[PDB]
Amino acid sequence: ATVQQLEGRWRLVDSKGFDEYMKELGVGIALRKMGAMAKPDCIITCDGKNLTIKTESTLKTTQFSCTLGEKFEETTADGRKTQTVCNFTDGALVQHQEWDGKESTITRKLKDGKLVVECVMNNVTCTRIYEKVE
């Protein structure tokens, strides 16, 4: 498994726990309704250790870029400014966010040809499945 195997455009096809995760993050009702009903594509590109992830939907589009292993300021979809680091470890892309004494982890992995995205904060979890799109 390598980080390049995650590259491409991926379309959300299933979600569990996302509203509960947004509630744990402190996200207000307007953004939570958006996130409940948006059907995003995620576009992952990686050039060596340079990673970009763009999330596109009719309701909201976000994008960040980073160098694997390097701490950077990420503005999240809900507007947090976190100290984030992304690494490819044990066959998964692991994204660690820290802000205001809080922390959340997001993992992305390839399983059966689908992109499986899992998030957690304070044991509140989400699982989102994306299928590869042309």
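Superpose the two forms; the largest set of C-alphas matching within 1.5 Å is the rigid core. Numbering starts at 1 and runs along the sequence shown.
Undergrad: Would you say which of 68-76 and 22-30 moves more relative to the shown form in 7 other deposited structures of this protein, going by RMS C-alpha distance with the core superposed?
TA: Between 68-76 and 22-30, the one lying farther away in 7 other deposited structures of this protein is 22-30.
Undergrad: Consider 103-111 and 56-64 separately and indicate which one has Cα atoms farther, on average, from the shown form in 7 other deposited structures of this protein after rigid core alignment.
TA: Of the two stretches, the larger average C-alpha offset in 7 other deposited structures of this protein falls on 56-64.
Undergrad: Taking the recorded C-alpha temperature factors, which stretch has the higher mean, 103-111 or 68-76?
TA: It is 103-111.
Undergrad: Can you tell me which stretch has the higher mean Cα B-factor, 45-53 or 80-88?
TA: Result of the comparison: 45-53.
Undergrad: Ranking the modelled residues of this chain by C-alpha B-factor as given in the entry, is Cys126 in the lowest, middle or highest third?
TA: Middle third - that is where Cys126 ends up once the chain's C-alpha B-factors are sorted.
Undergrad: Could you place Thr61 in the lowest, middle or highest third of its chain by Cα temperature factor, using the values in the record?
TA: Top third by C-alpha B-factor.
Undergrad: Which third of the chain does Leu25 land in by C-alpha B-factor: lowest, middle or highest?
TA: It belongs to the highest third of the chain when residues are ordered by C-alpha B-factor.
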